[PDB]
Structure formats: structure tokens, C-alpha cells
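Raw contents of my_file_34.tsv, TSV, C-alpha atoms:
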chain	number	residue	atom	x	y	z
K	1856	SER	CA	-26.29	-0.36	-122.44
K	1857	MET	CA	-26.44	-1.31	-126.12
K	1858	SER	CA	-22.91	-1.43	-127.55
K	1859	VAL	CA	-21.57	0.19	-124.25
K	1860	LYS	CA	-19.83	-2.32	-122.00
K	1861	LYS	CA	-17.89	-2.14	-118.73
K	1862	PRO	CA	-14.44	-3.79	-119.04
K	1863	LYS	CA	-14.42	-7.69	-119.02
K	1864	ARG	CA	-13.73	-9.03	-115.41
K	1865	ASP	CA	-11.85	-12.33	-115.98
K	1866	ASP	CA	-14.25	-15.10	-114.84
K	1867	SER	CA	-12.43	-18.02	-116.46
K	1868	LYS	CA	-11.10	-19.34	-113.11
K	1869	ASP	CA	-14.36	-18.91	-111.16
K	1870	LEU	CA	-15.42	-22.59	-111.54
K	1871	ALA	CA	-12.10	-23.87	-110.26
K	1872	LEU	CA	-11.93	-21.47	-107.45
K	1873	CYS	CA	-15.59	-22.13	-106.27
K	1874	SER	CA	-14.66	-25.87	-106.39
K	1875	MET	CA	-11.63	-25.17	-104.12
K	1876	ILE	CA	-13.65	-23.18	-101.66
K	1877	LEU	CA	-16.33	-25.92	-101.60
K	1878	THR	CA	-13.56	-28.52	-100.95
K	1879	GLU	CA	-12.36	-26.50	-98.03
K	1880	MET	CA	-15.93	-26.22	-96.64
K	1881	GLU	CA	-16.45	-29.99	-97.20
K	1882	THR	CA	-13.33	-30.87	-95.19
K	1883	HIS	CA	-13.92	-28.47	-92.27
K	1884	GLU	CA	-14.55	-30.31	-89.04
K	1885	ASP	CA	-17.79	-28.45	-88.46
K	1886	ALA	CA	-19.22	-29.32	-91.91
K	1887	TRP	CA	-20.97	-32.50	-90.65
K	1888	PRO	CA	-24.47	-30.97	-90.34
K	1889	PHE	CA	-24.26	-29.75	-93.95
K	1890	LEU	CA	-22.64	-32.56	-95.94
K	1891	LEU	CA	-25.91	-34.23	-97.01
K	1892	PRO	CA	-29.52	-33.26	-97.42
K	1893	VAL	CA	-31.58	-33.20	-94.22
K	1894	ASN	CA	-33.65	-36.37	-94.19
K	1895	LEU	CA	-37.18	-34.97	-94.69
K	1896	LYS	CA	-38.80	-38.24	-93.55
K	1897	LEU	CA	-36.89	-38.34	-90.29
K	1898	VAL	CA	-36.76	-34.68	-89.19
K	1899	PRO	CA	-40.11	-33.32	-88.11
K	1900	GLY	CA	-40.88	-29.83	-89.21
K	1901	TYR	CA	-38.08	-29.56	-91.82
K	1902	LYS	CA	-40.06	-30.13	-94.89
K	1903	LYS	CA	-42.76	-27.57	-94.05
K	1904	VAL	CA	-40.60	-24.95	-92.53
K	1905	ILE	CA	-37.53	-24.90	-94.87
K	1906	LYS	CA	-38.84	-23.94	-98.25
K	1907	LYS	CA	-35.54	-24.40	-100.06
K	1908	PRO	CA	-33.31	-27.09	-98.53
K	1909	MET	CA	-29.65	-26.93	-99.53
K	1910	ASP	CA	-26.52	-28.87	-98.50
K	1911	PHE	CA	-22.91	-29.17	-99.66
K	1912	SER	CA	-23.43	-32.42	-101.65
K	1913	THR	CA	-26.21	-30.78	-103.64
K	1914	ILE	CA	-24.07	-27.70	-104.29
K	1915	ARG	CA	-21.20	-30.00	-105.37
K	1916	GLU	CA	-23.46	-31.82	-107.85
K	1917	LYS	CA	-24.86	-28.49	-109.19
K	1918	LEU	CA	-21.29	-27.19	-109.55
K	1919	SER	CA	-20.06	-30.28	-111.32
K	1920	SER	CA	-22.97	-30.29	-113.84
K	1921	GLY	CA	-23.06	-26.60	-114.95
K	1922	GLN	CA	-26.05	-25.64	-112.95
K	1923	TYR	CA	-24.46	-22.39	-111.60
K	1924	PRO	CA	-24.58	-19.66	-114.24
K	1925	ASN	CA	-22.13	-17.53	-112.30
K	1926	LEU	CA	-20.20	-17.29	-109.02
K	1927	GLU	CA	-23.08	-15.22	-107.36
K	1928	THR	CA	-25.60	-18.02	-107.78
K	1929	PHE	CA	-23.02	-20.39	-106.14
K	1930	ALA	CA	-22.62	-18.00	-103.15
K	1931	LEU	CA	-26.44	-17.77	-102.86
K	1932	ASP	CA	-26.73	-21.55	-102.38
K	1933	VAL	CA	-23.86	-21.66	-99.89
K	1934	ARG	CA	-25.50	-18.84	-97.82
K	1935	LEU	CA	-28.87	-20.67	-98.14
K	1936	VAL	CA	-27.26	-23.59	-96.30
K	1937	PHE	CA	-26.45	-21.28	-93.34
K	1938	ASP	CA	-29.67	-19.33	-93.45
K	1939	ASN	CA	-31.64	-22.55	-93.32
K	1940	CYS	CA	-29.49	-23.71	-90.41
K	1941	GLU	CA	-30.23	-20.48	-88.47
K	1942	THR	CA	-33.96	-20.81	-89.25
K	1943	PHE	CA	-34.16	-24.28	-87.73
K	1944	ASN	CA	-31.49	-24.49	-85.05
K	1945	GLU	CA	-30.91	-22.56	-81.84
K	1946	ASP	CA	-27.68	-20.44	-81.87
K	1947	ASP	CA	-26.68	-22.28	-78.64
K	1948	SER	CA	-26.73	-25.85	-80.10
K	1949	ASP	CA	-23.90	-27.69	-81.67
K	1950	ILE	CA	-25.49	-27.41	-85.11
K	1951	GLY	CA	-26.34	-23.72	-84.60
K	1952	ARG	CA	-22.72	-22.95	-83.68
K	1953	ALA	CA	-21.45	-25.09	-86.56
K	1954	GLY	CA	-23.47	-22.99	-88.94
K	1955	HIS	CA	-22.19	-19.70	-87.63
K	1956	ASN	CA	-18.60	-20.96	-87.78
K	1957	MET	CA	-19.02	-22.24	-91.36
K	1958	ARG	CA	-20.61	-19.04	-92.57
K	1959	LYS	CA	-17.69	-17.07	-91.12
K	1960	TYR	CA	-15.22	-19.47	-92.71
K	1961	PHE	CA	-16.95	-19.24	-96.10
K	1962	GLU	CA	-17.28	-15.48	-96.15
K	1963	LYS	CA	-13.57	-14.99	-95.47
K	1964	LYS	CA	-12.58	-17.37	-98.29
K	1965	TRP	CA	-15.05	-15.60	-100.55
K	1966	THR	CA	-13.63	-12.13	-99.83
K	1967	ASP	CA	-10.04	-13.31	-100.04
K	1968	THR	CA	-10.56	-15.14	-103.31
K	1969	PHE	CA	-12.81	-12.71	-105.23
K	1970	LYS	CA	-12.89	-9.18	-103.55
Would you mind writing the structure in this file as C-alpha cells?
Amino acid sequence: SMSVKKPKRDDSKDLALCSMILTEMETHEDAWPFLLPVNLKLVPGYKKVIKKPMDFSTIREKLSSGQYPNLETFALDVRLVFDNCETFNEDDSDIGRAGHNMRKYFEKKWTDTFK
């Protein structure tokens, strides 16, 4: 509360470390469905159904331009990528499986780096 603060968690490396995690997600073999924004002209249904599209390129631009106020807003956008994927894709599709694998991969790196 006013003039009563929990001890300062060192956040000075967060930007670098989110960038490293994002690099690892970008270079994963199963990243291909997520590297670029879904083409809203060419994919029926996507625009109407997926209220907040997100992809790794868009996260990378946001990261590089100070559009994440903290590491939780970065994790929200990453998870949004996988949540959108599950919304639109059957679990038993290549893309559906890719998204489960990537979410697992991300969540481990997240835990190991920050928790």
C-alpha cells in the first residue's frame, strides 16, 4: 500500500530473456503455423471467429518496440497464439498438434527461466 512495498524482484533481464525464449520458439521445427499472421483474406472463418489474432512475428515486433509493459503481458500474447490455434484447429491435425507441442515447449522455458 502507500509507502509499504514488497521487496524489488530484479526485472532488468526480463527483456533479454523473453527475447531468448521467443528465439527458441521461432526456431522450433513446429513453429511454422505461428511464424506469421494468418492471412485473413485467404482463410475462411478466421477473421470472424478469432477475435484477437496473434503470431510470433507480431510478438517479436511488439517486444522490439517496447510494447510489452512487463513479462506477464508477453506470456499472455504467447499463450494467445496457442489458444487461438486450439480454437480453430482440431487436436488431431498437424497444426493442432504443433500448437500443443509449442505450448508445452514454451511453458517449460517459462518455468525454468522465471519460476
List as an mmCIF file with C-alpha atoms, keeping the file's coordinate frame the residues having at least one atom at most 12 Å from position (-24.0, -31.2, -97.0) as given in the file, counting all atoms listed in the file.
data_model
loop_
_atom_site.group_PDB
_atom_site.id
_atom_site.type_symbol
_atom_site.label_atom_id
_atom_site.label_comp_id
_atom_site.auth_asym_id
_atom_site.auth_seq_id
_atom_site.Cartn_x
_atom_site.Cartn_y
_atom_site.Cartn_z
ATOM 1 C CA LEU K 1877 -16.330 -25.920 -101.600
ATOM 2 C CA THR K 1878 -13.560 -28.520 -100.950
ATOM 3 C CA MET K 1880 -15.930 -26.220 -96.640
ATOM 4 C CA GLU K 1881 -16.450 -29.990 -97.200
ATOM 5 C CA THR K 1882 -13.330 -30.870 -95.190
ATOM 6 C CA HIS K 1883 -13.920 -28.470 -92.270
ATOM 7 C CA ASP K 1885 -17.790 -28.450 -88.460
ATOM 8 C CA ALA K 1886 -19.220 -29.320 -91.910
ATOM 9 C CA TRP K 1887 -20.970 -32.500 -90.650
ATOM 10 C CA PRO K 1888 -24.470 -30.970 -90.340
ATOM 11 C CA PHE K 1889 -24.260 -29.750 -93.950
ATOM 12 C CA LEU K 1890 -22.640 -32.560 -95.940
ATOM 13 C CA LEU K 1891 -25.910 -34.230 -97.010
ATOM 14 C CA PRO K 1892 -29.520 -33.260 -97.420
ATOM 15 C CA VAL K 1893 -31.580 -33.200 -94.220
ATOM 16 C CA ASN K 1894 -33.650 -36.370 -94.190
ATOM 17 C CA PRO K 1908 -33.310 -27.090 -98.530
ATOM 18 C CA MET K 1909 -29.650 -26.930 -99.530
ATOM 19 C CA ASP K 1910 -26.520 -28.870 -98.500
ATOM 20 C CA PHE K 1911 -22.910 -29.170 -99.660
ATOM 21 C CA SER K 1912 -23.430 -32.420 -101.650
ATOM 22 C CA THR K 1913 -26.210 -30.780 -103.640
ATOM 23 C CA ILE K 1914 -24.070 -27.700 -104.290
ATOM 24 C CA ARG K 1915 -21.200 -30.000 -105.370
ATOM 25 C CA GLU K 1916 -23.460 -31.820 -107.850
ATOM 26 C CA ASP K 1932 -26.730 -21.550 -102.380
ATOM 27 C CA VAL K 1933 -23.860 -21.660 -99.890
ATOM 28 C CA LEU K 1935 -28.870 -20.670 -98.140
ATOM 29 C CA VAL K 1936 -27.260 -23.590 -96.300
ATOM 30 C CA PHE K 1937 -26.450 -21.280 -93.340
ATOM 31 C CA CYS K 1940 -29.490 -23.710 -90.410
ATOM 32 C CA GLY K 1954 -23.470 -22.990 -88.940
ATOM 33 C CA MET K 1957 -19.020 -22.240 -91.360
#
Shell of 9 Å around residue K:1873, only C-alpha atoms, local chain residues under 6 positions omitted, as an MDAnalysis selection string: chainID K and resid 1918 1926 1929:1930 1965
Requested write-out: C-alpha atoms of the selected residues, as a PDB file, in the frame of the given file:
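again.pdb written:
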ATOM      1  CA  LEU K1918     -21.290 -27.190-109.550  1.00  0.00           C
ATOM      2  CA  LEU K1926     -20.200 -17.290-109.020  1.00  0.00           C
ATOM      3  CA  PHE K1929     -23.020 -20.390-106.140  1.00  0.00           C
ATOM      4  CA  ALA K1930     -22.620 -18.000-103.150  1.00  0.00           C
ATOM      5  CA  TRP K1965     -15.050 -15.600-100.550  1.00  0.00           C
TER       6      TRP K1965
END
The distance between atom CA of residue K:1934 and atom CA of residue K:1962 is 9.0 Å
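Candidate residues K:1928, K:1904, K:1960, K:1970 were compared for distance to residue K:1942, and the nearest is K:1904, using only C-alpha atoms.
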Mind giving me the straight-line distance from atom CA of residue K:1952 to atom CA of residue K:1967 in Å, one decimal?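 Result for atom CA of residue K:1952 versus atom CA of residue K:1967: 22.8 Å, one decimal.
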Need to verify the contact set: residue K:1968, 12 Å, only C-alpha atoms, exclusion of same-chain residues closer than 4 positions in sequence. Can you return it as a count of residues only? 13
Quick check, in Å to one decimal: how far apart do atom CA of residue K:1924 and atom CA of residue K:1866 lie?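 These two atoms are separated by 11.3 Å.
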Assuming the input is short of atoms at stretch 1932-1955 of chain K, produce N, CA and C atoms for that part as a CSV table (one decimal), in the coordinates of the input.
chain,number,residue,atom,x,y,z
K,1932,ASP,N,-26.5,-20.2,-102.9
K,1932,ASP,CA,-26.7,-21.6,-102.4
K,1932,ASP,C,-25.9,-21.9,-101.1
K,1933,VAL,N,-24.6,-21.4,-101.1
K,1933,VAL,CA,-23.9,-21.7,-99.9
K,1933,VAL,C,-24.6,-20.9,-98.7
K,1934,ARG,N,-24.9,-19.6,-98.9
K,1934,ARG,CA,-25.5,-18.8,-97.8
K,1934,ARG,C,-26.8,-19.4,-97.4
K,1935,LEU,N,-27.6,-20.0,-98.4
K,1935,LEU,CA,-28.9,-20.7,-98.1
K,1935,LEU,C,-28.7,-21.8,-97.1
K,1936,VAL,N,-27.6,-22.5,-97.3
K,1936,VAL,CA,-27.3,-23.6,-96.3
K,1936,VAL,C,-27.2,-23.0,-94.8
K,1937,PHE,N,-26.6,-21.8,-94.7
K,1937,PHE,CA,-26.4,-21.3,-93.3
K,1937,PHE,C,-27.7,-20.5,-92.8
K,1938,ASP,N,-28.4,-19.9,-93.7
K,1938,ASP,CA,-29.7,-19.3,-93.4
K,1938,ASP,C,-30.7,-20.3,-93.0
K,1939,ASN,N,-30.8,-21.5,-93.7
K,1939,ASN,CA,-31.6,-22.6,-93.3
K,1939,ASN,C,-31.3,-23.1,-91.9
K,1940,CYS,N,-30.0,-23.2,-91.7
K,1940,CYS,CA,-29.5,-23.7,-90.4
K,1940,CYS,C,-29.9,-22.8,-89.3
K,1941,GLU,N,-29.8,-21.5,-89.5
K,1941,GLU,CA,-30.2,-20.5,-88.5
K,1941,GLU,C,-31.7,-20.5,-88.3
K,1942,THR,N,-32.5,-20.7,-89.3
K,1942,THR,CA,-34.0,-20.8,-89.2
K,1942,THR,C,-34.4,-22.0,-88.3
K,1943,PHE,N,-33.8,-23.1,-88.4
K,1943,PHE,CA,-34.2,-24.3,-87.7
K,1943,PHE,C,-33.5,-24.6,-86.4
K,1944,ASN,N,-32.3,-24.0,-86.1
K,1944,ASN,CA,-31.5,-24.5,-85.0
K,1944,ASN,C,-31.2,-23.3,-84.1
K,1945,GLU,N,-31.3,-23.6,-82.8
K,1945,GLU,CA,-30.9,-22.6,-81.8
K,1945,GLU,C,-29.4,-22.2,-82.0
K,1946,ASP,N,-29.1,-20.9,-81.9
K,1946,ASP,CA,-27.7,-20.4,-81.9
K,1946,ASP,C,-26.8,-21.2,-80.9
K,1947,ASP,N,-27.4,-21.5,-79.7
K,1947,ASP,CA,-26.7,-22.3,-78.6
K,1947,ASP,C,-27.0,-23.8,-78.7
K,1948,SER,N,-26.7,-24.4,-79.8
K,1948,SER,CA,-26.7,-25.8,-80.1
K,1948,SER,C,-25.5,-26.1,-80.8
K,1949,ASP,N,-25.1,-27.4,-80.9
K,1949,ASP,CA,-23.9,-27.7,-81.7
K,1949,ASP,C,-24.1,-27.4,-83.1
K,1950,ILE,N,-25.3,-27.6,-83.7
K,1950,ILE,CA,-25.5,-27.4,-85.1
K,1950,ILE,C,-25.6,-25.9,-85.4
K,1951,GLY,N,-26.2,-25.2,-84.5
K,1951,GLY,CA,-26.3,-23.7,-84.6
K,1951,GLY,C,-25.0,-23.0,-84.6
K,1952,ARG,N,-24.1,-23.5,-83.8
K,1952,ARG,CA,-22.7,-23.0,-83.7
K,1952,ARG,C,-21.9,-23.4,-84.9
K,1953,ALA,N,-22.1,-24.6,-85.3
K,1953,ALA,CA,-21.4,-25.1,-86.6
K,1953,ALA,C,-21.8,-24.2,-87.7
K,1954,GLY,N,-23.0,-23.8,-87.8
K,1954,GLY,CA,-23.5,-23.0,-88.9
K,1954,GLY,C,-22.9,-21.6,-88.9
K,1955,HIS,N,-22.9,-21.0,-87.7
K,1955,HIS,CA,-22.2,-19.7,-87.6
K,1955,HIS,C,-20.7,-19.8,-88.0
